[PDB]
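Residue numbers (full-length UniProt numbering), protein chains in the order written: chain A, 789 to 822, 855 to 867; chain B, 53 to 437; chain C, 1 to 635, 700 to 970.
Idealized CB from N, CA, C, for every residue including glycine.
The structure appears below as structure tokens.
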Amino acid sequence: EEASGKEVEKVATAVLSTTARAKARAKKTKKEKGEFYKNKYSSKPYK
Amino acid sequence: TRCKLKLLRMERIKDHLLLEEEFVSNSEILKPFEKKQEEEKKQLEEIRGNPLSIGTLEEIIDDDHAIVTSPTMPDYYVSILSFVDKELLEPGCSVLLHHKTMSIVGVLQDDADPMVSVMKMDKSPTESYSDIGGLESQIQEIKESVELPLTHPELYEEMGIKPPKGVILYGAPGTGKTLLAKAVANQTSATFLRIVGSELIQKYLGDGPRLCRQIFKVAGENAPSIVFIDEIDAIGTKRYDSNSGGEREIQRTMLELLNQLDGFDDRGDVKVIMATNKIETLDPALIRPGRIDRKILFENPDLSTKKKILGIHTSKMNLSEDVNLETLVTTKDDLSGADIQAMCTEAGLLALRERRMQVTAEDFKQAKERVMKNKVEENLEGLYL
Amino acid sequence: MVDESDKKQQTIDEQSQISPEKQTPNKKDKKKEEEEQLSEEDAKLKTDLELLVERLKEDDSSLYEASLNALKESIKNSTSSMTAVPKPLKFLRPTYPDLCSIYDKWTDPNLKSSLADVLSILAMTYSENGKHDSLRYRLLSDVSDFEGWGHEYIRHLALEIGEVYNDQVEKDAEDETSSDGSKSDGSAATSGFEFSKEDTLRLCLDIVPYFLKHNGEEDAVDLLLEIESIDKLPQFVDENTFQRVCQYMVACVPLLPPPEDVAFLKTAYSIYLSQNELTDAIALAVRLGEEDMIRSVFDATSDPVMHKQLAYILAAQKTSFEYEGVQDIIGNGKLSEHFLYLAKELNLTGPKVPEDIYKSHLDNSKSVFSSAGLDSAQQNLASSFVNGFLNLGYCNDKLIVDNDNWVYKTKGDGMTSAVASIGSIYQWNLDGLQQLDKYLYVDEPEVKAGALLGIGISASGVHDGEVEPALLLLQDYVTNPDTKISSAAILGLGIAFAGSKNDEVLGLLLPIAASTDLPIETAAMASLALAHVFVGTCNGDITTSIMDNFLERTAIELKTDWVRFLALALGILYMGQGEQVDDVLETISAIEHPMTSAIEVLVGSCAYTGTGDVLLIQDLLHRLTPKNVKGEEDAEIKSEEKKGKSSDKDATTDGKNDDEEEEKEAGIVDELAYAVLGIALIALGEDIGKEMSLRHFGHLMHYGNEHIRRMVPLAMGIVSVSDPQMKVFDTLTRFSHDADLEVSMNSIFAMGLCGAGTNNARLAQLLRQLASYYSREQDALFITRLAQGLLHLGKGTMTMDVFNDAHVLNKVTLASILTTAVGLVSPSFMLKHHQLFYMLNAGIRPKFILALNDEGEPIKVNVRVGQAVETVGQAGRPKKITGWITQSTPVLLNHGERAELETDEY
Ligand SMILES: Nc1ncnc2c1ncn2[C@@H]1O[C@H](COP(=O)(O)OP(=O)(O)NP(=O)(O)O)[C@@H](O)[C@H]1O
Ligand SMILES: [Mg+2]
């Protein structure tokens, strides 16, 4: 992704994570209330 | 009971909500700077930079120049450069200077100093009225002079007489003078500044009058107002070093208070209350008699006064209810309410020696005899002839 | 201890010195090991009951912990004894508290969780018998306090509550909800609940409204209705018991859904009706708005004695005080039916007498001549504004008013306002009609209109007297072809008739007179005026207004201002109901525009009132939503956006206002604390958002009716000099009125200093001068609180035109409207039969910080203040009635009520 693609991605999550909890919580509650590193390459053929 | 709970439930939906709103609103989509800030910011940095020397503003000359003093000893004929307008500045304020070239780059400090901290009190005092028991009449003299003109000047106008201004509280330790002042002020719900006199006098030269002038400015803005200057008696005619000095700096601070008392603005709507031993401790000079008007001589508690004051104290000592309020009064020798404070302390002191597990009727009675005995012992028999 | 020999009665004596520990092996080992031994336990039962109480007075933890170790099964839980049926039912009684000692005397979270199930099954089963009723009572009422019972009774009663709590915490409830493992219903349980309510009335205060609310049922209130009528007299004196009841009801309000909220009130009303004081009953009857309820309180007063006596005098007067006037109907009705004196009682129900007492107060206070007469440029306009507000209420100003010079030298919309503000000299007073009519019959169309606005305001206290009615005059003037004469004419129609719903008036104002097709803001006043007429009773939630709102808004939307006026009109109409306000919301939302979405946020704040648990969150989700989308993008078509925003801003502040005022006094402090931090959020998020919120913020104060009218407004106002807008000051001041020349000594001092300070605008100076002048009022002049007074929880009928005008940026046009500010509090006077408009004494408490008293009843020592004391705002507002000195007792209780006092003098 390199540095550019990362920076957008990261800020992008952060907005949505805060924004979900900031509204989802208040509505919902009252809705209701009322390895083989060493593993070489498998000996199987591959194309 | 129930009502308290209600307030807690409301807080737990208010603060939780608030925290989250802030994050989303200030930044994210909306943006915290939203372009305009970014512009101001770039300019501000240029003009500035660290370090920045805090200053004191002596006078403004309308011509975009000012006369400032810094930490360093010589003064500076400096230019005002942008930011704070001349109007929005007040002389006597602490101001922001840029260090390389000293120009007024703003203000944010506003007499950032512990003195300011101690003086300001925007709410009314902790003492509500005639919780204090006895000297009723006395406290209903301080109310005639202070309180009554702020609440209604109408009555004074109609008589054809200036409202009284000022009271001077004087007399004797033990009568809870200081307390009466707080009491009267609370009823008024006057903005009740309060200060210790010891702070206004210091060794360093010329800081004293700055501070003193400021008290008077803050009070007039927030009129109707009471200024309570506690321990005016401190300053007195104490003179640090009797070789020389104490006849320079000390004298200058006293002067300033008086020059502003009547002032260049009419502050008849600023009452003053001076708590003091006597005015003869000070070099007498309290200007305008009718401007300090009625003076209040505290008598010490008498027989009826100390009943009420007693009643508070005995409720703290466990099981002293057994001994009738009246008969406690009778059996002891006539003494001041202060000496009740000494007596009440004596009861607990004896309970501690005994390892009296719970305070009893027997302790409170024993307490009288030892307390009375202390006072007689301390007295010196010179023999009435 | 637990030994086999200690099942013997030789061991009573040896154990008992330290503490009986005999009882453990006798009801554990003997019982479990055989069912043939159950018959033998029966005789030994009575010794065991005696010993149980001694072990609570000799309570210690080691001899319950150490001994019991297998009780749990033996009782019923697993052994499942019941071979002799009757035998184990009686042996429930000692074992149930012993078990509770391993719940509590032994501390262990784990043991607490496990035994929750076991204790509740054992309590329930035996509460049907009412021999378990006998266990609780004997401990609660014993004279001598002890360690053992003192915590254990508390664990027993949490279970009761628990059971009804099961319906709320989970949807599953009953025995599925395994907090208690026991269903809340059943004859056995219903028998146990009912009993306990009697005990905790005497001893507790805060668990009575928790049980009611948690059940969720009006069935809980039906059980309480009956027990409370029995306990009113013997437990405590009536007056004291009534005061406790009233606190409990307001508590139930937050966290009850809208259809149910009102229904709890009707069951409550039944308790009150039975209890003696019919003073308390009427408050709820007004609140509901129901004709049935309002009727039953009256009928109850008048009829029980056929002699006129105090009863009839009382009945008429309680309805009389209220300036809505819907209440006047009931009295007029009873009076036409009766004929003790048709002349006297009909006036006394009528709103003629509230005018009459204002004339009387005036003589005491002396008439104030202070009114401005200034001319030239802007000061010409400023003088017209000051005239009205400074002399608000009935207050002779004959001399300045006779001066026609200043009136006629005014020009523009200002010329109309000059005559409108003379009307406000004679506010709520018959007298001063003559002056307005002088103007009306001469010169410019301007002062003609203005005369009409003035008539409207004066005739207000004749909302239901129908003496020289406005309706007769003002109709002819609608028909006049010029737009200015017409508009004025119909707004007077509104103000004159108040909330009193008169068919001839309602139908006069029912079509907007002028063509809807026209975009004019002179026919805005049709919707504004009609709204007022609707408030103060069950709203019809009329369909005509809704339908026509949509049509005019689509057809012409150029004047952004025009259509805002229409949206606020709906919001005002709906005040005092949220049941039917929900239904109409769907109609609004069905159709869509950003213009429609503006109306939507605003009516929702009104909707969700009757519970602040729901309301507040709604109008803070909302607050974000407009901002956020626009932010996203930024990172005549115009009108649509603008509206969207401006309403959103207003609705934020409104939902708080509707909560704190209607509901609990506790929230008054929570919303005040929340408000200031909420300005700051909005300031960071938008520069533009700040300015709109600031105005509504000073209105937060007046509408909510904060406790403190001294310190906190003054502090606020200093900050709001620096900020843009000074229309914030005008709303702020109506709260600031207080006991003048304390608050209002500061006010004049602040405004004039800052105008001097920086003349940033002449416009700014203007709003600064008018607001400080309005603040001060002389010789205890009548004041206006938005609160009904009588109903401290209440909301105004006609002080919601300030709400209309806060929203829209002030204009020269709008300043005429503001003269209207009718909702003046009446001076209190002692009565009985004399109907003397004077009082010996009345006590006040100078401070207010009470919120335990939702009543706002003060300590009765008080501080005595003379005759003709206008019922001052908050920090003075709680009022007790002085006359015991003369041997008189209030029969009409005051609790900072607006009401004129009445005693039965011995
Ligand atoms: N009417 C009164 N008001 C207040 N305190 C009183 C009164 N009468 C007697 N007292 C007693 O005086 C005590 C407090 O007095 P205190 O604060 O020592 O004095 P002061 O007169 O302000 N002196 P200083 O110690 O020089 O500042 C109270 O705790 C009472 O025991
Ligand atoms: Mg002192």
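For ligand 1, is there a heavy atom less than 7 Å away from the beta-carbon of B:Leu231? yes
Reducing DSSP to helix, strand and coil, say where C:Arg840 ends up. coil
Closer than 7 Å to a non-hydrogen atom of ligand 1 - does that hold for the CB of B:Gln393? yes
From the DSSP output, read off the bridge partner residues of C:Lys944. C:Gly907
Contact set for C:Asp443: own chain, Cβ-Cβ below 8 Å, skip 5 residues either direction: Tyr408
With a threshold of 8 Å between beta carbons, is B:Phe75 in contact with chain A? yes
Start and end of the alpha helix (DSSP H) containing B:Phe244? Counting along the chain, B:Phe244 falls outside any alpha helix (DSSP H), though it belongs to the beta strand (DSSP E) covering 243-248.
Run of the beta strand (DSSP E) containing C:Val740, from where it starts to where it stops: No beta strand (DSSP E) holds C:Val740; the alpha helix (DSSP H) holding it covers 730-749.
Using a Cβ-Cβ cut-off of 8 Å, state whether A:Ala808 counts as contacting chain C. no
Proximity to C:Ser360 [Cα-Cα], best of C:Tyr902, C:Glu600, C:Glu41: C:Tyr902
Cβ-heavy atom distance between B:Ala327 and ligand 2 below 7 Å? yes
How big is the Cα-Cα spacing for B:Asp165 and B:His151? 21 Å
Quick one: is the Cβ of B:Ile331 within less than 7 Å of any heavy atom of ligand 1? no
Bridge partners - B:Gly158, DSSP secondary structure assignment: B:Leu148
Leaving out five residues before and five after B:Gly363 in sequence, what residues of the same chain have Cβ atoms less than 8 Å from its Cβ? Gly185, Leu377
Quick check: is the beta carbon of C:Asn628 nearer than 8 Å to any beta carbon in chain B? yes
Delimiting residues of the alpha helix (DSSP H) encompassing C:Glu152: 149-169
Just the chain C side, please: which residues come within less than 7 Å of B:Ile81 by C-beta, in chain order? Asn628, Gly631, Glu632, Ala635
Measure the CB-CB distance between C:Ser134 and C:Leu159 and report whether it falls below 8 Å. no
Would the C-beta of B:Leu187 count as close to ligand 1, meaning under 7 Å from any of its heavy atoms? yes
Nearest chain B C-beta to C:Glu806 closer than 8 Å, yes or no? yes
Could you tell me the boundaries of the alpha helix (DSSP H) in which C:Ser114 lies? 109-127
Cβ-Cβ distance between C:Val533 and C:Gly499 below 8 Å: yes
Of all the residues that make up the stretch 597-615 of chain C, which are near chain B by a beta-carbon distance shorter than 8 Å? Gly612, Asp613
Against chain C, which members of the stretch 396-411 of chain B pass a CB distance test of less than 8 Å? none
Beta-carbon contacts of B:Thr305 that lie in its chain and below 7 Å, excluding the five residues immediately before and after: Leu252, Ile253, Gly260, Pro261, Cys264
Determine contact between the stretch 186-202 of chain C and the stretch 134-145 of chain C, defined as no fewer than three beta-carbon pairs at a distance below 8 Å. yes
Distance cut-off 7 Å: C:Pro910 Cβ against heavy atoms of ligand 1: no
Minimum C-alpha distance to C:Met775 - residue among C:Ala803, C:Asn917, C:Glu961: C:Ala803
Determine the direct distance from the alpha carbon of C:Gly920 to that of B:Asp321, and round the result to whole angstroms. 34 Å
Using the beta-carbon of each residue, which ones in chain A are nearer than 9 Å to C:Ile617? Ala814, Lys815, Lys818
Under a CB-based cut-off of 8 Å, is B:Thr203 close to chain C? yes
Interfacial residues, the stretch 248-262 of chain C to chain A, with Cβ spacing under 7 Å: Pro257
Delimiting residues of the alpha helix (DSSP H) encompassing B:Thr382: 377-383
Would you say the beta carbon of B:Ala390 is closer than 7 Å to some non-hydrogen atom of ligand 1? yes
Starting from the beta carbon of B:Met62, find every residue of chain C whose beta carbon is closer than 7 Å, and list them in chain order. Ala730, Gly731, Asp734
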